Amino acid sequence: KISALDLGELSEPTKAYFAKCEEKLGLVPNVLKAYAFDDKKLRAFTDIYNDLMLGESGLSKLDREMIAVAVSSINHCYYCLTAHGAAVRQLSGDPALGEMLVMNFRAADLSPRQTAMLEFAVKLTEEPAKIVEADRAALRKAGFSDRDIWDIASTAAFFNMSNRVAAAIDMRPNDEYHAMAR
Amino acid sequence: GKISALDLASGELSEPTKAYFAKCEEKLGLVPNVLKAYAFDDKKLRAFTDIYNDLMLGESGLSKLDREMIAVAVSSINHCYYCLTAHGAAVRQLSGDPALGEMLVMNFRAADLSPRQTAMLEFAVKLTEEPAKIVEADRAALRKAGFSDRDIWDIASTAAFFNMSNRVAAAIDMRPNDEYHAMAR
Amino acid sequence: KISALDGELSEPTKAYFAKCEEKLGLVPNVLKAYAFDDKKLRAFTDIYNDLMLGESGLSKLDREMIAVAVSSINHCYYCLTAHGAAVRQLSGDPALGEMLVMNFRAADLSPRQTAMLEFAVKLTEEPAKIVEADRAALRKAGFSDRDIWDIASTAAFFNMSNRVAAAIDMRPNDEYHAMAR
Amino acid sequence: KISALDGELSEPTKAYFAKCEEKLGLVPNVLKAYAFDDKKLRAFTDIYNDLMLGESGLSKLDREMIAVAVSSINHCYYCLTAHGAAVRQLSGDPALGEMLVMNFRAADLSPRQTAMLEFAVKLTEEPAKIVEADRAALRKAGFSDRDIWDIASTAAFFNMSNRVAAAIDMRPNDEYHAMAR
Amino acid sequence: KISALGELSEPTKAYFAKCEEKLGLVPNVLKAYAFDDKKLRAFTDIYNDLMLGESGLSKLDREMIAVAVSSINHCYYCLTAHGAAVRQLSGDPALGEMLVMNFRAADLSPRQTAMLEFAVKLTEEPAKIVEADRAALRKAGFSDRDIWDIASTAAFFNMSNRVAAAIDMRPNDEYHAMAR
Amino acid sequence: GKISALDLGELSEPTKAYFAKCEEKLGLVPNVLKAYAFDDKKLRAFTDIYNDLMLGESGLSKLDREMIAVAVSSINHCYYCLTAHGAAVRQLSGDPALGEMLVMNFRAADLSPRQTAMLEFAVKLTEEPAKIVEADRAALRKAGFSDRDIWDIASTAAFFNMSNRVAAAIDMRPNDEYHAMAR
């Protein structure tokens with residue numbers, strides 16, 4: 001079961017893409033399978049995911065994965081802590097960093113720059129109503145540009161969406177994730 | 001004047017974006033400020049409009065008004081000025097009922113909603129406040145209200161998207177168009 | 001229906017409503033809810049009028065702003081409608097009403113206004129946790145101790161109003177929605 | 001000090017305090033805090049006496065119990081002290097005062113008293129979420145619509161009292177601590 | 001009914017004889033563990049060492065932490081029992097009341113304030129403790145061992161509150177009238 | 001390679017002997033035992049309570065109890081305990097995935113009705129212990145737990161509410177060995 005919801009054969013272009021996934025990764029990420037009932041939806045998801053997590057940014061790819069895990073920790077999202085926790089381990093080379101981010105980032109002995117980024121993602125996840133100029137000013141003082149700030153917010157905001165889709169439908173992450181990068 | 005509290009530079013709009021905005025303006029009589037926020041990268045703008053349109057306007061077992069109701073209920077919980085303004089105006093427009101618009105912004109429990117609409121909005125509230133605690137009984141209750149698994153998917157997506165949207169606007173102090181306020185009163 | 005709960009009005013109350021209808025273009029629905037007991041109606045109108053229209057270091061708009069911000073946290077349909085109308089009216093600024101109903105942090109308020117609303121928010125959300133630095137912060141913003149009293153009382157009062165309205169499902173007048181847009 | 005906030009009492013206020021002293025053994029400090037404006041003092045005592053002492057399908061103990069349960073959620077030192085002593089005095093059971101102050105769920109109340117308190121808790125913690133089902137639970141426990149009003153009103157009022165007290169750090173009289181032990 | 005969930009051993013009978021003579025009652029919490037003498041011993045040892053052992057915190061400091069924590073958690077048993085201890089140790093019936101109710105009304109020193117504010121945050125939001133929180137305790141006049149002792153006292157009452165809560169453990173009637 | 005953020009020395013010979021028995025049985029000395037080793041009386045009292053509760057006779061299996069520990073630790077975001085007891089769930093279940101699920105969100109795990117009722121009670125005792133009523137015990141009994149089970153469930157949940165708070169307060173650090181174990 002990739003989820004608790006019941007939704008056709010895959011379209012030719014999704015089979016093409018999934019082939020690519022299986023060639024590059026060992027596997028087709030289950031989130032893509034969840035979306036595959038509707039190619040418009042699949043394509044719009046992959047378009048945003050890739051721009052946000054892989055696009056050009058002052059944040060590294062690992063920065064963004066660390067934001068994704070921090071937010072997914074607060075929300076207790078099993079799919080995302082699994083998939084993106086594997087990504088932190090893999091991108092960092094540090095199996096322990098992935099566990100700490102999954103459990104409590106305050107445990108991690110992060111740099112000031114990384115702390116500031118994650119503390120903002122925390123407030124944005126927990127109490128969006130309360131974000132004020134002082135919260136932006138804290139990121140600037142940490143050395144982030146305003147476009148960096150856009151990218152931190154966008155990433156944190158995105159995972160607030162991803163967590164809730166996954167929770168809503170009980171989406172299951174690939175079993176291969178668990179053993180990777182340990 | 002500023003559409004957000006970030007201090008962004010920007011170059012010219014691409015000719016495709018100028019055209020696209022010419023049509024927003026021709027149609028809606030405004031270019032929604034969120035679109036202007038994403039115009040620094042046509043890549044992002046296209047991503048945004050694709051997801052928004054499929055979500056809010058594509059085929060669904062949810063009417064367009066149901067989805068604007070989910071948008072506003074979620075935005076009410078998170079106290080999102082951008083979204084309450086913009087989707088509040090959409091609810092008043094689509095229903096033809098300015099008071100309904102106001103109830104959803106303030107407290108949807110004050111509106112005389114069908115059991116179906118209540119079940120939908122109560123799921124959205126739980127997904128907004130405590131996504132860790134969603135269980136099969138939550139989905140079971142939507143099914144008792146008549147929703148298909150594809151509908152549950154659309155409710156969850158709509159509610160999810162607004163949790164993202166509210167956070168992007170909150171994080172950067174995004175400013176809704178002044179014109180929304182007076183519409184459909 | 002003015003509420004979810006179930007004879008004739010008194011002559012004093014029938015005449016009180018004649019006047020409201022003259023001065024305002026309507027009888028506020030809260031007055032009709034209390035109308036089953038004139039003792040209770042008089043008590044309410046006495047506290048309401050002293051708090052909102054009486055003497056204070058706060059302007060009447062300052063107090064309507066506090067009312068809306070508290071009602072916003074509590075999601076009170078009656079009070080957001082009624083006092084939102086009042087902010088639109090007193091300020092001449094339809095957008096300001098909406099900001100206060102939705103999120104006051106979007107509004108471009110003075111430091112004094114901001115200080116006043118942040119206190120009303122803490123008193124609404126965690127009154128257990130008020131400490132002397134909450135009072136010290138009002139003083140820095142320039143509030144006397146009597147202004148602090150008035151802010152506290154205005155905020156406390158809509159914590160009661162929000163809860164009566166919510167309990168009984170009290171309905172605001174339709175005309176409020178169209179007003180001052 | 002009776003609060004953390006900074007002339008003479010009026011003649012009628014001095015006479016009223018002399019009478020309190022005789023009838024109660026003390027002048028309630030809340031009355032002293034209001035004594036800077038007799039209008040406000042009056043408004044306070046009118047609403048208080050009507051709510052707490054006026055005719056209702058709720059006993060006087062029922063209403064003090066609501067008061068203390070609200071104050072306990074809000075951690076109001078003034079009200080837990082003053083109304084806790086009221087519960088102890090009216091019930092003649094010091095243990096019951098304690099339970100209500102600490103956690104009413106330990107008390108072993110009737111199904112009626114538990115229905116009433118569960119509604120006051122919800123109204124206190126999440127007024128945004130009150131629905132018809134909540135009023136329907138009161139009816140099923142035997143309350144008339146007018147009791148529902150009185151229950152709501154009592155709980156609403158103490159959400160205002162708790163906040164005025166907390167905002168200004170209002171201090172209860174020392175004598176309450178030893179009362180009815 | 002000490003709770004909402006028989007024969008005592010001879011030692012446990014002896015031990016209850018000394019509490020009786022020393023305290024004027026047998027704390028109900030002891031009666032609730034006395035179905036197993038080794039769980040009773042385990043409890044008494046940890047309890048005694050915690051509240052009565054050598055520490056840079058006073059016995060009263062520790063009893064105040066117990067009450068502030070119990071107040072946040074609304075624990076009838078521990079508010080009653082440790083409220084009594086605070087009244088008795090301090091000599092001040094009002095102080096016990098203030099901590100049961102709201103310690104911010106209490107007029108404590110900056111050192112006592114820092115202590116209870118840390119115990120509060122640990123009770124409410126243990127996920128968010130940080131070095132700045134420990135640096136604020138040092139600033140208020142606490143050692144590293146005093147931080148361990150505060151944390152352990154606060155942590156223990158977070159367990160006690162939850163066992164009492166879970167089984168509806170009832171405090172002794174006699175606590176209520178004491179040191180008033 | 002610090003066991004905590006506090007200024008915490010020279011172990012007694014009995015304590016060193018016990019730690020060798022730890023290496024022999026566990027492959028490591030739990031850092032929690034090192035934290036307590038400044039005083040053997042405290043170390044002794046901790047080991048006594050811990051072992052009775054986690055290993056002593058009980059209607060709950062050892063795994064049942066490690067699951068209550070991880071579920072509580074998950075709510076409180078306790079890095080020490082999620083690490084140490086996450087590893088114990090993986091080791092006792094032989095199912096790496098189950099350890100992850102309980103650390104992340106137990107509602108994802110394919111638990112029996114009975115197991116779910118247990119964790120649901122652990123959750124409420126963790127989040128809102130003021131609100132525990134007879135109806136919460138009744139639901140455990142409907143799930144088929146005895147009252148001695150209810151007590152053990154409550155004691156286990158309670159205990160980790162303390163353990164998490166001591167760990168968080170002093171920044172106690174779990175052994176790096178835990179992270180690779182039973183994967």
# chains A, B, ... in the order shown; residues from 1 in each chain; ligands from 1
>>> residues_around(residues="region 144-146 of chain A", least_positions_apart="3", cutoff="8 Å", atoms="only C-alpha atoms", output="NGL selection string")
(:A and (139-141 or 149-150)) or (:B and (6-8))
>>> write_last_selection(atoms="C-alpha atoms", output="compact mmCIF listing (two decimals), in the first residue's frame")
# COMPACT_ATOMS: atom_id res chain seq x y z
CA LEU A 139 17.92 35.88 9.63
CA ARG A 140 19.64 38.99 8.20
CA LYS A 141 21.86 39.23 11.24
CA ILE A 149 14.91 34.48 3.29
CA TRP A 150 12.37 33.85 0.48
CA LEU B 6 11.26 41.61 1.66
CA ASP B 7 13.67 44.05 0.02
CA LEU B 8 13.88 42.41 -3.44
>>> interface_residues(of="chain D", to="chain F", cutoff="12 Å", atoms="only C-alpha atoms", output="number ranges by chain")
D: 72-73, 102-108, 114, 118, 121
>>> write_last_selection(atoms="C-alpha atoms", output="mmCIF file, in the first residue's frame")
data_model
loop_
_atom_site.group_PDB
_atom_site.id
_atom_site.type_symbol
_atom_site.label_atom_id
_atom_site.label_comp_id
_atom_site.auth_asym_id
_atom_site.auth_seq_id
_atom_site.Cartn_x
_atom_site.Cartn_y
_atom_site.Cartn_z
ATOM 1 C CA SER D 72 -8.057 27.238 37.943
ATOM 2 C CA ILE D 73 -7.612 26.916 34.174
ATOM 3 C CA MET D 102 -6.580 22.026 41.902
ATOM 4 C CA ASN D 103 -8.564 19.735 39.576
ATOM 5 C CA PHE D 104 -12.370 19.428 39.723
ATOM 6 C CA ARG D 105 -12.107 16.047 37.983
ATOM 7 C CA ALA D 106 -10.988 14.652 41.309
ATOM 8 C CA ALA D 107 -14.142 15.956 43.030
ATOM 9 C CA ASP D 108 -16.810 13.174 42.440
ATOM 10 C CA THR D 114 -19.942 17.554 35.760
ATOM 11 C CA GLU D 118 -17.282 20.509 31.270
ATOM 12 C CA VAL D 121 -13.907 24.378 30.680
#
>>> residues_around(residues="residue 2 (chain F)", least_positions_apart="3", cutoff="12 Å", atoms="only C-alpha atoms", output="JSON, numbers by chain")
{"F": [5, 6, 7, 8, 31, 32, 34, 35, 170, 171, 172, 173, 174, 175, 176]}
>>> residues_around(residues="residue 54 (chain A)", least_positions_apart="4", cutoff="12 Å", atoms="only C-alpha atoms", output="NGL selection string")
:A and (46-50 or 58-65 or 151 or 155)
>>> residues_around(residues="residue 151 (chain C)", least_positions_apart="4", cutoff="7 Å", atoms="only C-alpha atoms", output="PyMOL selection string")
chain C and resi 116+147+155
>>> write_last_selection(atoms="N, CA and C atoms", output="CSV table (one decimal), in the first residue's frame")
chain,number,residue,atom,x,y,z
C,116,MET,N,-0.2,48.2,22.7
C,116,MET,CA,-1.5,48.1,23.3
C,116,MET,C,-2.1,46.7,22.9
C,147,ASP,N,-4.2,54.2,32.0
C,147,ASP,CA,-4.3,53.7,30.6
C,147,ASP,C,-4.1,52.1,30.6
C,155,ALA,N,-9.7,44.7,27.2
C,155,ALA,CA,-9.4,43.4,26.7
C,155,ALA,C,-10.1,42.3,27.5
>>> closest_atom_pairs(of="chain E", to="chain A", cutoff="8 Å", atoms="only C-alpha atoms", output="CSV")
residue,atom,partner,partner_atom,distance
E:127,CA,A:104,CA,7.3
E:128,CA,A:106,CA,7.7
E:130,CA,A:106,CA,7.1
>>> interface_residues(of="chain A", to="chain C", cutoff="8 Å", atoms="only C-alpha atoms", output="ChimeraX atom specification")
/A:129-130,132
>>> write_last_selection(atoms="C-alpha atoms", output="CSV table (one decimal), in the first residue's frame")
chain,number,residue,atom,x,y,z
A,129,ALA,CA,0.2,34.2,12.8
A,130,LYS,CA,3.1,35.6,14.9
A,132,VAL,CA,7.0,39.8,12.5
